[PDB]
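The next block holds one structure in the form of structure tokens; read it before the comments.
Letters A, B, ... are given to chains in the order of the sequence lines, protein chains preceding strands, and every chain is numbered from 1. Only heavy atoms go into these numbers, but all of them, side chains included; no hydrogens, no water, no symmetry mates.
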Amino acid sequence: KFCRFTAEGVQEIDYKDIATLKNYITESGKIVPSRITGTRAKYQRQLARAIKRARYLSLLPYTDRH
Amino acid sequence: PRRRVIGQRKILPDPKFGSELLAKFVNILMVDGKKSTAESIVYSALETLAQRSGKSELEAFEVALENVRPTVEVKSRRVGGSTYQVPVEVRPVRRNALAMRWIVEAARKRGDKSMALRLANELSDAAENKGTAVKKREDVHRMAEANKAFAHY
Amino acid sequence: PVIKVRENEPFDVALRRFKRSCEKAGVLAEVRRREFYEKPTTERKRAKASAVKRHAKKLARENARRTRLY
Amino acid sequence: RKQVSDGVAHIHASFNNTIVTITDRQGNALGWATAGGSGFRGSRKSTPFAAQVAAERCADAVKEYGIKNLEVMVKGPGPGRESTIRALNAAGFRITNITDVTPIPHXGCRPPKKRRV
RNA sequence: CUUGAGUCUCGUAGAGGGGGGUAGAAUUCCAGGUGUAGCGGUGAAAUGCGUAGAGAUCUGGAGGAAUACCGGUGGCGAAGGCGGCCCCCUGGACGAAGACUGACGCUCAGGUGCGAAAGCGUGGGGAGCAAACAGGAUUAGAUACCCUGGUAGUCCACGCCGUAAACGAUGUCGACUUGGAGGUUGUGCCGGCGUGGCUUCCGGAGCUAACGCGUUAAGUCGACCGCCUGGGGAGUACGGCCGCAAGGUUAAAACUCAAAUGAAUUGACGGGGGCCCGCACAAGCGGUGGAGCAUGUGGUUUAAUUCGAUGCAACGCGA
Ligand SMILES: [Mg+2]
Ligand SMILES: [Mg+2]
Ligand SMILES: [Mg+2]
Ligand SMILES: [Mg+2]
Ligand SMILES: [Mg+2]
Ligand SMILES: [Mg+2]
Ligand SMILES: [Mg+2]
Ligand SMILES: [Mg+2]
Ligand SMILES: [Mg+2]
Ligand SMILES: [Mg+2]
Ligand SMILES: [Mg+2]
Ligand SMILES: [Mg+2]
Ligand SMILES: [Mg+2]
Ligand SMILES: [Mg+2]
Ligand SMILES: [Mg+2]
Ligand SMILES: [Mg+2]
Ligand SMILES: [Mg+2]
Ligand SMILES: [Mg+2]
């Protein structure tokens, strides 16, 4: 668990922070359920938005088979 | 059965050679509780077989058995209206039992005059992969091989 | 589930690694899910029933831990 | 003829069949075998054993190319996913990579209607 | 007058709505490369596809539709509904401090608006799916379920239709009345303690025919509206209104029955589930069914062929 973003006082998740976002995607590129990472729901939604934005900018892959 | 209390019955070895396997063979040949008749037939056939092969009675019998003993057979299993012939291993006691049953059945359909002569001929033929007992073993093996895919059932 | 066979790794071990990668990514479950169309009403009914059964089972377990069988 | 020594094994493992195509790394087919073409029909066609035999036969079909190393791409939910790879390994190929390439729509098209059996 | 109702200030979450753009995955099709005898499908098949080179695999292209994961008895909306990402326009909700207006409120026949899916009109679009339709199976038949194909339609714009088990089968608004465990979204103070909004499950009194409901009431009350009056005939006929139509809406009667119905209870049953057992299967051995004959029965015959037993549980049975 240990939702990191509340303990870091973030106001957003920042789609440009690929280091943080790689901790929330599986090796195939899928977004990890918050019931596994322990993320709070609000920050899970922020995280999903950020990952989708990063995927659009090709900073993250959609899958591992591009 | 459902409960499983079922265990070997004690089998007396045959008087001449002291072979439990041969005693089972005599039992398989016997009709109507006429054990002495079956014993006479088996001893006559074994003597003829040893004269023809020069090996011995028990060794010629074993050599005939080895060519008829199956290693794999099929057990039917219904799945979707179709029955799946699932190949299973044959445990050793059943291999001997099936081989002796097939040999006796083959010898009973032969054309020779006395049953002792028919049995000696069948044992000789099986000693070199020729009789219908060996043919039945081959058919069982080939039916099991044709179903090798369905080995998990 | 891309898997690279590492050096001096027996084949069975790497096959197991690939199998676990596939079972983790849920590829077979996804394929089976997508074989046929399920109406949204059926999907919602299935999800609701699964949640209800999970909750009822959990409560039964919690209240059976207070129960002596003998 | 041409010697390749580095190939890809594509295992199309459907519910009814298994197709094994061995290609070079550029995607050109060198030889193929299927469970359905290896003396298995109907119920026997869609088994791990028929897939194993298809894998053996496809490995035989590419002996002339001198292939030594194989990438393995598995596609589909069929019973021939694993036994095909085991048979390719027992055929003497050095399997250097196993990948699942099963197509997953990210929504995609509406699937056919549910069967009522 | 300020306590109900409302305005303002600052923030918060949200698949709320309308418009535009765009991304990646996948299907299909087209062109080509490699390659060669099958593919596909089912319970099993066959139709179908394939040596005129399919299926598989690689490359490039076209096009439509939907947005995996996140995703959650999570969220938003009056309901219907709403899900990738980005922008533009826009509605509501909530919280904290105040300030402001000063009963401006609640409900609502008629009226008006919105209103899933299917359907209808005009013009587009059409990948996938698929009523109709065709063929292949299955079957006694099989106008089906299964298979191979496949057109409306599903998609877009605009208009119509106005109905759904449109459901919480529970009208709206307000007040009051023990608890427990969560979810979500604010906010105050020091992970703890409060305090708001929405929400899931359990349960107390009470209520209820019972099942159950239970501070989100089906409890205790007040305001207003809608609706019911045995089953069938019938939400039908006729008339009116509405609709392009399909039809919707309003809505009878004759006649007929002595029931129809709700919930719960004990069985029985199930091609429901679980656990067991039996020469019940399975593994075996020997038979019956064919022949002749014995014997009983049915039937036929007869003057009479005495009466009885006559699925298992009558038929070498009373005898
Ligand atoms: Mg299908
Ligand atoms: Mg009205
Ligand atoms: Mg429509
Ligand atoms: Mg139209
Ligand atoms: Mg079409
Ligand atoms: Mg069809
Ligand atoms: Mg209605
Ligand atoms: Mg609804
Ligand atoms: Mg509902
Ligand atoms: Mg109603
Ligand atoms: Mg309750
Ligand atoms: Mg009417
Ligand atoms: Mg039996
Ligand atoms: Mg007879
Ligand atoms: Mg009589
Ligand atoms: Mg009588
Ligand atoms: Mg009587
Ligand atoms: Mg008797």
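With hydrogens and angles ignored, no donor-acceptor pair under 3.5 angstrom links the side chain of A:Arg49 to the base of E:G14. Below the 3.5 angstrom threshold, one finds a donor paired with an acceptor across the side chain of B:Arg2 and the base of E:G278. Within 3.5 Å, no donor on the side chain of D:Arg25 pairs with an acceptor on the base of E:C58, nor the reverse. With hydrogens and angles ignored, a donor-acceptor pair closer than 3.5 Å exists between the side chain of D:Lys45 and the base of E:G41.
Using Watson-Crick or G-U wobble geometry with both donor-acceptor distances under 3.5 Å, E:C29 finds its partner in E:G61. Nucleotide E:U122 is matched to E:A157 when pairs are restricted to Watson-Crick or G-U wobble geometry with both distances under 3.5 angstrom. Under the Watson-Crick or G-U wobble criterion, with both distances below 3.5 Å, E:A23 is paired with E:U67. Under the Watson-Crick and G-U wobble criteria, each requiring two contacts below 3.5 Å, nucleotide E:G219 is paired to E:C176. Base-pair partner of E:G186: E:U195 (Watson-Crick or G-U wobble, both distances under 3.5 Å).
Between A:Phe5 and A:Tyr24, a ring centre-to-centre spacing shorter than 6.0 Å is recorded.
Here the nucleotide nearest the side chain of D:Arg116, chosen from E:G43, E:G71, E:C145, is E:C145. Of the candidate nucleotides E:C39, E:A56, E:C146, E:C39 has the atom nearest to the side chain of D:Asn17. When distances are taken from the side chain of D:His10 to each of E:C58, E:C146, E:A25, the shortest belongs to E:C58. Of all nucleotides listed (E:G40, E:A44, E:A68), E:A68 comes nearest to the side chain of A:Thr63. Listed nucleotides: E:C85, E:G24, E:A56. Nearest to the side chain of A:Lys52: E:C85. Across E:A25, E:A131, E:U184, the shortest atom-to-atom separation from the side chain of D:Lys113 is found for E:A131.
In this structure E:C10 is not paired with E:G168, as neither the Watson-Crick nor the G-U wobble definition is met at both distances under 3.5 Å. The bases E:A118 and E:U305 are not paired as Watson-Crick or G-U wobble with both atom distances under 3.5 Å. Judged by the 3.5 Å cutoff on both pairing distances, E:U170 and E:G214 do not qualify as a Watson-Crick or G-U wobble pair.
Donor-acceptor pairing under 3.5 Å is recorded for the side chains of D:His10 and D:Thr23. A side-chain donor from one of B:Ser76 and B:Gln85 sits under 3.5 Å from a side-chain acceptor of the other. Under the 3.5 Å distance criterion, with hydrogens and angles disregarded, no donor-acceptor pair is assigned to the side chains of D:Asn16 and D:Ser14.
Listed by first then second residue, pairs satisfying ring-ring contact (aromatic ring centres under 6.0 Å, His included) with a partner in residues 47-68 of chain D read D:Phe40-D:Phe49, not counting sequence neighbours.
Comparing the P positions of E:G75 and E:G183 gives a spacing of 12 Å, expressed to the nearest Å.
A:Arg45 has no side-chain polar atom (N or O) that falls below the 4.0 Å cut-off from OP1 or OP2 of E:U184.
Residues from residues 22-39 of chain B that place a heavy atom under 4.0 Å from any atom of RNA chain E: there are none. Residues from residues 64-99 of chain D with heavy atoms under 4.0 angstrom of RNA chain E, sorted by number: D:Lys75. Heavy-atom distances under 4.0 Å link RNA chain E to C:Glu30 of residues 17-31 of chain C, given in residue order.
When rounded to the nearest whole Å, the span between CG of D:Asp24 and P of E:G35 equals 10 Å. Between C:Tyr37 atom OH and E:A131 atom P there is a gap of 15 Å when expressed in whole angstrom units.
Nucleotide E:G72 is shown with a syn base, its glycosidic torsion being within 90° of 0.
Across all strands shown, D:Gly37 has heavy atoms under 4.0 Å from sugar-phosphate atoms exclusively, and none from any base. Nucleic acid contact for A:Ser34: sugar-phosphate only, since backbone atoms but no base atoms lie under 4.0 Å from a heavy atom of the residue.
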Could you list the donor-acceptor pairs under 3.5 angstrom formed by side chains in residues 56-63 of chain A, with sequence neighbours left out?
none

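Looking at residues two or more places apart in sequence or on another chain, you find a side-chain contact (heavy atoms from CB on, under 4.5 Å) between B:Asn67 and B:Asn129, B:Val134.
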